[PDB]
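Only one chain comes next, encoded as structure tokens, the form whose entry title says "outward-facing".
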């Protein structure tokens, strides 16, 4: 009953992780009002955060292979919590201090999100491990929902940037202690070469990159698309989309876990297939969004719901695949490179790519609300192709799964 409590504590640490990730996402406009900055100011915040996360993922993966592991995790939690509690004090004259605060939070929670999954993998076994990974990733939509609700409620109580980043840090330090204590006692180029040899791991990383691309592009650009659709047919839409995203994340994790349990109990290659089937079923509904909204009078966009569910169904299953096809002393590096790749090819630049394509499409016709709707519609129909591509990579992983699992067990069991 110590390992189960420790997995619960790591999951709560992840809840706090995403709460600190999305409190600023909630309070970005109020930050703009306080600092007197433009939207490119918040663009700098998010871009610097993702850049620092990407850069500090391989280092913390490297140090997660060799030296103490729980120490790195607790020190990372204390790191971003103390950095945030520090940055809240900053006056209005400098905004780059807030940007550096975003960078430091990025480094700390890159350490956490690169170390914790390997601990949860190392603690448990087949059913308990997949359940605990499902919990660890269920903590994501829960964290985002709490980020939004915290930002809005605190702004209603008192609306400023100051009052946003003061809530989580103390609970962060509490969970840093409760991970340092409760958690049960815990060259690099060769590892990189061995991992890039592993075909299943490569294909799973590419599939995760496509998943992150789709999630970032949809989760940013959809609310504007829905507003344009309501304009064509003839804020709050962001709130509705956020609630939909959180509830669909819950439902997707649940459905993926159940379907994986059944298919594994039947066959031998269930982990990648139950991802691929879900991904393609999600792409179909994501397109069904766009074939809808032509008549929202009857339409209800539920295709977003039943597309996001199926798309999020494969969070924990990809982690399961990675733990299956990578030996214990390369799990940290594998997770780090997976995060780096999924960020680089995914949400780091994907919304901006969609924006560039939307600008290119709208350059033909003279600007019109209906024309904006159509242009952004094509730009966001670009994403279902990415989802289908990720599904095909999941099929390739399904091809190589047993072979690479056996090639891993031959090495380990010696």
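Numbering follows the first chain given and starts at 1. Note that the rigid core is defined as the largest set of C-alphas that superpose within 1.5 Å between two forms.
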Can you count, per the entry, how many deposited residues between residue 234 and residue 235 come without coordinates? Answer none, 1 to 3, 4 to 9, or 10 or more. 10 or more
Deposited-sequence gap flanked by residue 186 and residue 187: 10 or more
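Form whose entry title says "inward-facing": not shown, discussed below.
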Superposing on the core, which single option in 276, 224, 195, 131 has a CA shift of 2 Å or more between the shown form and the other one? 131
Aligning on the rigid core, do we see the C-alpha of residue 373 shift 2 angstroms or more between the shown form and the other one? no
Against the rigid core, is the Cα displacement of residue 39 between the shown form and the other one at least 2 Å? yes
Would you say residue 353 moves its Cα by 2 Å or more between the shown form and the other one, aligning on the core? no
Which way does the C-alpha gap of residue 272 and residue 62 go in the other entry, closer or farther, given it changes by 3 angstroms or more? farther
Relative to the form shown here, do the C-alpha atoms of residue 297 and residue 228 sit closer together or farther apart in the other entry, given a change of 3 Å or more? closer
